[PDB]
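Here the structure comes first, spelled out in structure tokens, and everything after it is commentary.
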There are 2 protein chains.
Amino acid sequence: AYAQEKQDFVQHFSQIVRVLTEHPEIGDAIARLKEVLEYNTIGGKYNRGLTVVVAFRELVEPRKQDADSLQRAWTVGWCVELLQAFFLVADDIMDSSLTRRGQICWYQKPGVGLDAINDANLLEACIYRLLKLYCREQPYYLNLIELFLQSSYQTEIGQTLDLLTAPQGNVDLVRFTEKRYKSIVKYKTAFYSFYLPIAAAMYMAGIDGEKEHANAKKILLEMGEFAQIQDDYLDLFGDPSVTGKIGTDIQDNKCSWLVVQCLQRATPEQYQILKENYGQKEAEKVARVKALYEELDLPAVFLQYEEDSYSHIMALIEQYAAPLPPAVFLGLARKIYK
Amino acid sequence: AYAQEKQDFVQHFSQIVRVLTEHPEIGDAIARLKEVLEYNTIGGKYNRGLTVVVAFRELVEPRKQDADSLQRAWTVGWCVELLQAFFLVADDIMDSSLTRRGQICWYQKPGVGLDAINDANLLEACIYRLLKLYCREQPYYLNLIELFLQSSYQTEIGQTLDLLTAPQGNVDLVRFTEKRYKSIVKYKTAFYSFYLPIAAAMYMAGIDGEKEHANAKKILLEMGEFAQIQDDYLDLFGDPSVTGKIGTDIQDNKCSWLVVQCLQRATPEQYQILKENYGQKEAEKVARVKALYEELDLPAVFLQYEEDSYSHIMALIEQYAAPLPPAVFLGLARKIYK
Ligand SMILES: O=P(O)(O)C(O)(Cc1cccnc1)P(=O)(O)O
Ligand SMILES: O=P(O)(O)C(O)(Cc1cccnc1)P(=O)(O)O
Ligand SMILES: [Mg+2]
Ligand SMILES: [Mg+2]
Ligand SMILES: [Mg+2]
Ligand SMILES: [Mg+2]
Ligand SMILES: [Mg+2]
Ligand SMILES: [Mg+2]
């Protein structure tokens, strides 16, 4: 389980920071990297990184879980957390967000600003530094490099689809379709958040078969679709004290699950209300959209969807888990379905 | 030679774009990637990419230069041009630049803005897409992946040093030292612009020895230091019709070679003039700094430096080229020393 390993995982971060921040000439730049790592890779729930560690423990025979192999698993879990930190620092600039993980976004900090672009790229570079230091002699080293590089390309293509569908200052209700939505979230979130951590543990355990990885992907990309729908729902209806951040999807004209569901149910009067108020900074326009979503009972539509989704994901675990332990996927379902 | 291969190299770009932009769901995002590739990876001199191709031709026996091997060399040269495009798109946002390669910077284009952050990352992702498609079965594949990843980390650490030394709105004359300068440019420019293209050709030719790569690096990082000093000089004294871009180093408070040389020669009255006018947006303050640099004959100091640098780099070619053909380094010296 995760809940137990959260403190244990977090305890390994100080060694990750020490190995990355140990040529005195670059000293000031290494001090800045330490500040970027400390600010941006801590404060989250660490679900993606913990997934690597728990899945590795469940997939590798305990007699093979020696100290060095376990250290490699913790390090690769932290690599997944560094990839997410890279995407979030940059996403927060592109989405004009204000807070993340209970504090001001890194780019909004006085003295940081758009220098955060380079800081995000340093976080991504740290992944490959750690893989070389800890994993270069292992038979799965190239599989992991390619998996992290593919996950980044996937995510970036999905970010392009997200940003193209959400132009600033242009109405884009015509592209807020279920088909467009499923394509955005599959690429921007599902691959790196669900497939990547389990696939990394699979490769570290010697499970490199195409069929085995395709079957796990069938479960995991559907779980990732639900995780992004829940993120969209919480952007507006979650409590920032719990989520750690303030939502921006309506002001940012995003193809959110909520707006997709709104358009499917709206009358022509409601469609016009959404056209006139969506995608704009004015607080009273944002409030009108939320009031429309409440008039259409979209919170009840989301709860029903969550139930139907959970049943679908469990049916996929029954179809596709074997020969992996079903616990690998059940523990991940427990973290996302609250 | 380069001058001949410029059109031949450019002719391969259409196949690079076709293989990268060939799942209809992501179609709109792939169309945007094609626009980012067309806008940002064309218009330059292609010196870094051509260096890969010319060095490969000079290092590999002609009987081994079959069509497929030559295609791999063109593709890896284009990978170096994609790395430079990634760094330049992001650098232009962080340096608040206006033009590049004779047109408005990508981020300044109406409708692009900070979405250019994700576009820059897509350019970097394309490198690894091409290396996998064209080079995965080759014995040097992992050497090239690691070389591109190291070059990126080097460059990003140097960008951190550049940005830290150049705070907006704070005087930083105390850190504009020759020692700080040499450290910034070695990491931000010399590794990716000079070592990377020659080292990539070396690995493709089977030259993977640590000693051979260290000796080439001794020449190439010094040539890269001169290339950044020339870039700094041209930021203020070059003609934008020739350089393709407008300089921003004085307004951006940069640790430019020019300001370093100014501080070494300044009287106390001149130091105060530079303190009051450097690092600020006002056009009349920028003009005062340029007038001070002219009073101190910094253009003549740069020409003398260029002569002394060229003699030093040629002495290093005599010391360290062997057993590589000296032409590999002489052709690169000819491109940078005008
Ligand atoms: O955490 P956020 O900003 O709600 C988000 O989930 C962050 C994110 C960044 C990159 C890829 N996927 C999700 P978004 O998609 O912007 O709603
Ligand atoms: O082309 P530019 O902007 O003059 C530059 O050379 C671009 C650049 C970007 C990244 C690394 N090195 C040089 P800079 O260093 O900003 O002066
Ligand atoms: Mg966001
Ligand atoms: Mg986003
Ligand atoms: Mg969100
Ligand atoms: Mg610049
Ligand atoms: Mg710069
Ligand atoms: Mg410059």
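Residues are named by chain letter and number: chains run A, B, ... in the order of the structure tokens, numbers start at 1 in each chain, and ligands are numbered from 1 in the order shown.
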Chain B contacts on chain A, only C-alpha atoms, 6 Å, as a list in words: residues 29, 94, 114, 125, 153, 160 and 161 of chain A
Please write out chain B, superposed on chain A by least squares over all C-alpha atoms matched in order, as a CSV table (one decimal) with C-alpha atoms, in the first residue's frame.
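part_39.csv written:
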```
chain,number,residue,atom,x,y,z
B,1,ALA,CA,0.0,0.0,0.0
B,2,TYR,CA,0.8,3.8,-0.6
B,3,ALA,CA,-0.5,5.3,2.7
B,4,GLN,CA,2.3,3.5,4.6
B,5,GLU,CA,5.1,4.2,2.1
B,6,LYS,CA,4.4,8.0,1.8
B,7,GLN,CA,6.9,9.0,4.6
B,8,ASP,CA,9.4,6.3,3.4
B,9,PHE,CA,9.3,7.6,-0.2
B,10,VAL,CA,9.6,11.3,0.9
B,11,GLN,CA,12.6,10.3,3.1
B,12,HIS,CA,14.5,9.3,-0.1
B,13,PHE,CA,14.1,12.9,-1.6
B,14,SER,CA,17.0,14.3,0.5
B,15,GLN,CA,19.5,11.7,-1.1
B,16,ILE,CA,18.0,12.5,-4.6
B,17,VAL,CA,18.6,16.3,-3.9
B,18,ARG,CA,22.2,15.6,-2.5
B,19,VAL,CA,23.2,13.4,-5.6
B,20,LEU,CA,21.9,16.1,-8.0
B,21,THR,CA,23.5,19.0,-6.3
B,22,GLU,CA,27.0,17.6,-5.7
B,23,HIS,CA,33.1,22.0,-10.5
B,24,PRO,CA,32.5,24.9,-8.0
B,25,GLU,CA,32.0,27.4,-11.0
B,26,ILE,CA,28.5,26.2,-11.5
B,27,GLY,CA,27.8,26.4,-7.8
B,28,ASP,CA,25.3,29.3,-8.0
B,29,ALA,CA,23.3,27.4,-10.7
B,30,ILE,CA,23.4,24.2,-8.6
B,31,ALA,CA,22.0,26.1,-5.6
B,32,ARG,CA,19.2,27.4,-7.8
B,33,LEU,CA,18.5,23.8,-9.0
B,34,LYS,CA,18.2,22.7,-5.4
B,35,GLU,CA,15.7,25.5,-4.7
B,36,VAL,CA,13.6,24.5,-7.8
B,37,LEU,CA,13.7,20.8,-6.7
B,38,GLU,CA,12.7,21.7,-3.1
B,39,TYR,CA,9.9,24.1,-4.2
B,40,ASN,CA,8.4,22.0,-7.0
B,41,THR,CA,8.9,18.4,-6.4
B,42,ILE,CA,7.6,18.4,-2.8
B,43,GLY,CA,4.0,19.1,-1.6
B,44,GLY,CA,2.0,16.7,-3.7
B,45,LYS,CA,0.6,13.3,-2.9
B,46,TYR,CA,3.4,11.4,-4.7
B,47,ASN,CA,0.9,9.0,-6.1
B,48,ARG,CA,2.8,8.5,-9.4
B,49,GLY,CA,6.2,7.9,-7.8
B,50,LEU,CA,4.7,5.6,-5.1
B,51,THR,CA,3.0,3.6,-7.8
B,52,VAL,CA,6.5,2.8,-9.2
B,53,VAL,CA,7.7,1.6,-5.8
B,54,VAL,CA,4.6,-0.4,-4.8
B,55,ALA,CA,4.3,-2.0,-8.3
B,56,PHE,CA,8.0,-3.0,-8.2
B,57,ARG,CA,7.5,-4.6,-4.8
B,58,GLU,CA,4.5,-6.5,-6.1
B,59,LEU,CA,6.2,-7.6,-9.4
B,60,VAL,CA,9.7,-8.6,-8.2
B,61,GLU,CA,10.3,-11.7,-6.2
B,62,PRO,CA,11.2,-10.6,-2.6
B,63,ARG,CA,14.5,-12.6,-2.7
B,64,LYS,CA,15.5,-10.2,-5.6
B,65,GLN,CA,14.5,-7.0,-3.8
B,66,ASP,CA,18.1,-6.3,-2.5
B,67,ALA,CA,19.0,-2.8,-1.1
B,68,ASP,CA,20.5,-1.6,-4.5
B,69,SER,CA,17.4,-2.8,-6.5
B,70,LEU,CA,15.0,-1.1,-4.0
B,71,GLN,CA,17.2,2.1,-4.2
B,72,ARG,CA,16.8,2.0,-8.0
B,73,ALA,CA,13.0,1.6,-7.7
B,74,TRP,CA,12.7,4.7,-5.3
B,75,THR,CA,14.9,6.7,-7.7
B,76,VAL,CA,12.7,5.8,-10.7
B,77,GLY,CA,9.6,6.7,-8.7
B,78,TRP,CA,11.2,10.1,-8.0
B,79,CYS,CA,12.0,10.4,-11.8
B,80,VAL,CA,8.2,10.1,-12.4
B,81,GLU,CA,7.7,12.9,-9.8
B,82,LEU,CA,10.3,15.0,-11.6
B,83,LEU,CA,8.5,14.5,-15.0
B,84,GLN,CA,5.3,15.7,-13.4
B,85,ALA,CA,7.1,18.7,-11.8
B,86,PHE,CA,8.5,19.7,-15.2
B,87,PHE,CA,5.0,19.5,-16.8
B,88,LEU,CA,3.3,21.3,-13.9
B,89,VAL,CA,5.7,24.3,-13.7
B,90,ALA,CA,5.3,24.9,-17.5
B,91,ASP,CA,1.5,24.1,-17.4
B,92,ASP,CA,0.9,26.7,-14.7
B,93,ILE,CA,2.6,29.4,-16.8
B,94,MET,CA,0.5,28.4,-19.9
B,95,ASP,CA,-2.7,28.2,-17.9
B,96,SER,CA,-2.1,31.5,-16.0
B,97,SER,CA,-2.6,29.6,-12.8
B,98,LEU,CA,-2.1,31.3,-9.4
B,99,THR,CA,-1.5,28.5,-6.8
B,100,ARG,CA,-0.3,24.8,-6.8
B,101,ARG,CA,0.1,22.4,-3.9
B,102,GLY,CA,-1.0,25.1,-1.4
B,103,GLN,CA,1.5,27.8,-2.4
B,104,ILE,CA,1.9,30.4,-5.1
B,105,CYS,CA,3.0,28.8,-8.4
B,106,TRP,CA,6.7,28.9,-8.9
B,107,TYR,CA,6.5,31.3,-11.9
B,108,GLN,CA,4.4,33.8,-9.9
B,109,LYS,CA,7.1,34.1,-7.2
B,110,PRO,CA,8.7,37.5,-7.2
B,111,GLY,CA,12.1,37.1,-8.8
B,112,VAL,CA,11.2,33.9,-10.8
B,113,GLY,CA,8.8,34.8,-13.6
B,114,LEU,CA,9.5,33.4,-17.0
B,115,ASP,CA,12.9,32.1,-15.8
B,116,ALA,CA,10.7,29.2,-14.6
B,117,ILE,CA,10.7,28.0,-18.2
B,118,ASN,CA,14.4,27.0,-17.9
B,119,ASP,CA,13.8,25.7,-14.3
B,120,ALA,CA,11.1,23.3,-15.7
B,121,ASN,CA,13.5,22.0,-18.3
B,122,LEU,CA,16.1,21.4,-15.5
B,123,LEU,CA,13.6,19.2,-13.7
B,124,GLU,CA,13.2,17.1,-16.9
B,125,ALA,CA,17.0,16.9,-17.3
B,126,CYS,CA,17.3,15.6,-13.7
B,127,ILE,CA,15.4,12.4,-14.7
B,128,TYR,CA,18.1,11.4,-17.2
B,129,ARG,CA,20.9,12.3,-14.7
B,130,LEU,CA,19.3,9.9,-12.1
B,131,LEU,CA,18.7,7.1,-14.6
B,132,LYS,CA,22.3,7.2,-15.7
B,133,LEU,CA,23.7,7.3,-12.2
B,134,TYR,CA,21.5,4.5,-10.8
B,135,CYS,CA,20.4,2.4,-13.8
B,136,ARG,CA,23.0,2.6,-16.6
B,137,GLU,CA,24.4,-1.0,-16.0
B,138,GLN,CA,20.9,-2.6,-15.9
B,139,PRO,CA,19.3,-4.4,-18.8
B,140,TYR,CA,16.3,-2.2,-18.7
B,141,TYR,CA,18.2,1.2,-18.9
B,142,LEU,CA,17.4,1.9,-22.5
B,143,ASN,CA,13.7,0.8,-22.1
B,144,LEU,CA,13.4,3.3,-19.3
B,145,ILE,CA,15.0,6.2,-21.2
B,146,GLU,CA,12.7,5.5,-24.2
B,147,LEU,CA,9.7,5.2,-21.9
B,148,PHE,CA,10.3,8.6,-20.3
B,149,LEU,CA,11.1,10.2,-23.6
B,150,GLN,CA,7.9,8.8,-25.2
B,151,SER,CA,5.8,9.8,-22.2
B,152,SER,CA,7.1,13.4,-22.6
B,153,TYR,CA,6.3,13.5,-26.3
B,154,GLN,CA,2.8,12.0,-25.6
B,155,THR,CA,2.1,14.6,-23.0
B,156,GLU,CA,3.4,17.5,-25.1
B,157,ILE,CA,1.2,16.5,-28.1
B,158,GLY,CA,-1.8,16.3,-25.7
B,159,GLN,CA,-0.8,19.8,-24.3
B,160,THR,CA,-0.8,21.1,-27.9
B,161,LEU,CA,-4.4,19.7,-28.4
B,162,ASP,CA,-5.4,21.2,-25.1
B,163,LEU,CA,-4.1,24.7,-26.0
B,164,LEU,CA,-5.3,24.6,-29.6
B,165,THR,CA,-8.8,23.8,-28.4
B,166,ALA,CA,-8.8,26.6,-25.9
B,167,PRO,CA,-7.8,29.8,-27.8
B,168,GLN,CA,-7.7,32.9,-25.8
B,169,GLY,CA,-10.3,35.4,-26.8
B,170,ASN,CA,-12.0,33.1,-29.4
B,171,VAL,CA,-15.3,31.1,-29.0
B,172,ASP,CA,-14.5,27.4,-29.4
B,173,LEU,CA,-17.8,25.7,-28.2
B,174,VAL,CA,-17.9,23.9,-31.7
B,175,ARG,CA,-14.8,21.8,-30.8
B,176,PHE,CA,-15.9,20.9,-27.3
B,177,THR,CA,-17.0,17.4,-28.2
B,178,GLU,CA,-16.7,14.1,-26.4
B,179,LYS,CA,-14.4,12.8,-29.2
B,180,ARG,CA,-12.0,15.8,-28.9
B,181,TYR,CA,-12.1,15.6,-25.1
B,182,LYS,CA,-11.1,11.9,-25.0
B,183,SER,CA,-8.2,12.5,-27.4
B,184,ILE,CA,-6.8,15.5,-25.4
B,185,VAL,CA,-6.9,13.6,-22.0
B,186,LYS,CA,-5.5,10.3,-23.4
B,187,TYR,CA,-2.4,12.1,-24.6
B,188,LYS,CA,-2.0,15.0,-22.1
B,189,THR,CA,-2.6,12.9,-18.9
B,190,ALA,CA,-3.3,9.2,-19.1
B,191,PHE,CA,0.1,8.1,-20.6
B,192,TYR,CA,2.4,9.8,-18.1
B,193,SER,CA,0.2,9.6,-15.0
B,194,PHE,CA,-0.9,5.9,-15.2
B,195,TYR,CA,0.9,4.0,-17.9
B,196,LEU,CA,4.4,5.4,-17.3
B,197,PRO,CA,4.8,4.4,-13.5
B,198,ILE,CA,3.4,0.9,-14.0
B,199,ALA,CA,5.3,0.3,-17.2
B,200,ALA,CA,8.6,1.5,-15.5
B,201,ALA,CA,8.1,-1.0,-12.7
B,202,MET,CA,7.3,-3.7,-15.3
B,203,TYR,CA,10.5,-3.1,-17.2
B,204,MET,CA,12.5,-3.0,-13.9
B,205,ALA,CA,10.9,-6.4,-13.1
B,206,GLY,CA,12.0,-7.8,-16.5
B,207,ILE,CA,8.5,-7.7,-18.0
B,208,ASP,CA,9.2,-6.2,-21.4
B,209,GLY,CA,6.7,-8.0,-23.6
B,210,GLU,CA,4.7,-6.0,-26.1
B,211,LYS,CA,1.4,-7.9,-25.3
B,212,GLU,CA,1.9,-7.6,-21.5
B,213,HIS,CA,2.5,-3.8,-21.9
B,214,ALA,CA,-0.5,-3.4,-24.3
B,215,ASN,CA,-2.9,-5.2,-21.9
B,216,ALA,CA,-1.7,-3.0,-19.0
B,217,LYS,CA,-2.1,0.1,-21.1
B,218,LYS,CA,-5.8,-0.9,-21.9
B,219,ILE,CA,-6.6,-0.6,-18.2
B,220,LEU,CA,-4.3,2.3,-17.4
B,221,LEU,CA,-5.3,4.7,-20.1
B,222,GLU,CA,-9.0,4.3,-19.2
B,223,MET,CA,-8.1,5.0,-15.5
B,224,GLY,CA,-6.2,8.1,-16.7
B,225,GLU,CA,-9.2,9.3,-18.7
B,226,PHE,CA,-11.2,9.2,-15.4
B,227,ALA,CA,-8.4,10.9,-13.5
B,228,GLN,CA,-8.6,13.9,-15.9
B,229,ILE,CA,-12.4,14.0,-15.8
B,230,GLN,CA,-12.1,14.1,-12.0
B,231,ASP,CA,-9.5,16.9,-12.3
B,232,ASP,CA,-11.8,18.9,-14.5
B,233,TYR,CA,-14.8,18.4,-12.1
B,234,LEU,CA,-12.6,19.5,-9.1
B,235,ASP,CA,-11.3,22.6,-11.0
B,236,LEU,CA,-14.7,24.2,-10.4
B,237,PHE,CA,-16.3,22.1,-7.6
B,238,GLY,CA,-13.4,21.0,-5.5
B,239,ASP,CA,-12.3,22.8,-2.4
B,240,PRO,CA,-8.9,24.6,-2.9
B,241,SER,CA,-8.0,23.8,0.7
B,242,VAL,CA,-8.1,20.1,-0.4
B,243,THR,CA,-6.9,20.3,-4.0
B,244,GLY,CA,-4.2,22.8,-3.3
B,245,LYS,CA,-4.9,25.0,-6.3
B,246,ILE,CA,-7.4,27.5,-7.8
B,247,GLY,CA,-9.2,26.4,-11.0
B,248,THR,CA,-8.8,28.4,-14.3
B,249,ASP,CA,-10.6,26.2,-16.9
B,250,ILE,CA,-13.6,28.5,-17.5
B,251,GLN,CA,-11.5,31.7,-17.8
B,252,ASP,CA,-9.0,29.8,-20.0
B,253,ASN,CA,-11.7,28.5,-22.5
B,254,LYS,CA,-10.7,24.9,-21.8
B,255,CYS,CA,-12.4,21.8,-23.3
B,256,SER,CA,-13.2,20.6,-19.8
B,257,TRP,CA,-15.4,17.6,-19.2
B,258,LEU,CA,-17.8,20.0,-17.6
B,259,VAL,CA,-18.3,22.2,-20.7
B,260,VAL,CA,-18.6,19.1,-22.9
B,261,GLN,CA,-21.4,17.7,-20.7
B,262,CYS,CA,-23.0,21.2,-20.5
B,263,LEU,CA,-23.2,21.4,-24.3
B,264,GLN,CA,-24.7,18.0,-24.6
B,265,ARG,CA,-27.7,18.9,-22.3
B,266,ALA,CA,-28.1,22.7,-22.9
B,267,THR,CA,-31.2,24.2,-24.4
B,268,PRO,CA,-30.7,26.9,-27.0
B,269,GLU,CA,-31.1,29.7,-24.3
B,270,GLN,CA,-28.5,27.9,-22.1
B,271,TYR,CA,-26.1,27.5,-25.1
B,272,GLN,CA,-26.2,31.3,-25.6
B,273,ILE,CA,-25.6,31.9,-21.9
B,274,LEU,CA,-22.5,29.6,-22.1
B,275,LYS,CA,-21.3,31.3,-25.5
B,276,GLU,CA,-21.5,34.8,-23.9
B,277,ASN,CA,-19.8,33.9,-20.6
B,278,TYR,CA,-17.3,31.1,-21.2
B,279,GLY,CA,-13.6,31.7,-21.8
B,280,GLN,CA,-13.3,35.1,-20.3
B,281,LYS,CA,-11.6,36.7,-17.2
B,282,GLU,CA,-14.6,38.5,-15.7
B,283,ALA,CA,-15.5,37.0,-12.4
B,284,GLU,CA,-19.3,37.5,-12.9
B,285,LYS,CA,-19.1,35.6,-16.3
B,286,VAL,CA,-17.3,32.7,-14.6
B,287,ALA,CA,-20.0,32.7,-11.9
B,288,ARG,CA,-22.8,32.5,-14.6
B,289,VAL,CA,-21.1,29.5,-16.1
B,290,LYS,CA,-20.9,27.7,-12.7
B,291,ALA,CA,-24.6,28.6,-12.0
B,292,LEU,CA,-25.5,27.0,-15.4
B,293,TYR,CA,-23.6,23.9,-14.6
B,294,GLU,CA,-25.5,23.7,-11.3
B,295,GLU,CA,-28.9,24.2,-13.1
B,296,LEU,CA,-27.9,21.3,-15.3
B,297,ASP,CA,-27.1,19.1,-12.2
B,298,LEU,CA,-23.6,18.5,-13.6
B,299,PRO,CA,-22.3,17.5,-10.0
B,300,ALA,CA,-24.9,14.7,-10.0
B,301,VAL,CA,-23.9,13.7,-13.6
B,302,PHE,CA,-20.3,13.5,-12.5
B,303,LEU,CA,-21.1,11.3,-9.5
B,304,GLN,CA,-23.1,8.9,-11.7
B,305,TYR,CA,-20.2,8.9,-14.2
B,306,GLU,CA,-17.7,8.1,-11.4
B,307,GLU,CA,-19.7,5.1,-10.5
B,308,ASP,CA,-20.0,3.9,-14.1
B,309,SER,CA,-16.3,4.5,-14.7
B,310,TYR,CA,-15.2,2.6,-11.6
B,311,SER,CA,-17.4,-0.4,-12.7
B,312,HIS,CA,-15.8,-0.2,-16.2
B,313,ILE,CA,-12.2,0.0,-15.0
B,314,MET,CA,-12.8,-3.0,-12.6
B,315,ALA,CA,-14.3,-5.0,-15.6
B,316,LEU,CA,-11.1,-4.1,-17.5
B,317,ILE,CA,-8.9,-5.3,-14.6
B,318,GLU,CA,-10.8,-8.6,-14.8
B,319,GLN,CA,-10.2,-8.8,-18.6
B,320,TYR,CA,-6.6,-7.6,-18.9
B,321,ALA,CA,-4.7,-7.9,-15.5
B,322,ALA,CA,-3.4,-11.4,-16.0
B,323,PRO,CA,-0.7,-12.5,-15.5
B,324,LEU,CA,0.1,-9.5,-13.4
B,325,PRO,CA,-1.3,-9.4,-9.7
B,326,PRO,CA,-4.7,-7.7,-9.8
B,327,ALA,CA,-3.5,-5.8,-6.7
B,328,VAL,CA,-1.1,-3.7,-8.9
B,329,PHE,CA,-4.2,-2.2,-10.6
B,330,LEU,CA,-6.5,-2.3,-7.6
B,331,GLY,CA,-4.2,-0.2,-5.4
B,332,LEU,CA,-4.0,2.5,-8.1
B,333,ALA,CA,-7.9,2.4,-8.5
B,334,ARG,CA,-8.2,3.0,-4.7
B,335,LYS,CA,-6.0,6.2,-4.9
B,336,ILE,CA,-8.0,7.7,-7.7
B,337,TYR,CA,-11.6,6.6,-6.9
B,338,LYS,CA,-12.5,8.5,-3.6
```
Per-residue DSSP, segment 30-155 of chain A, filtered to strand (DSSP E or B), as a list in words: residues 99, 100, 103 and 104 of chain A
Which of segment 10-188 of chain A fall in alpha helix (DSSP H), as a PyMOL selection string: chain A and resi 10-11+13-20+27-40+47-59+67-94+116-135+141-165+178-185
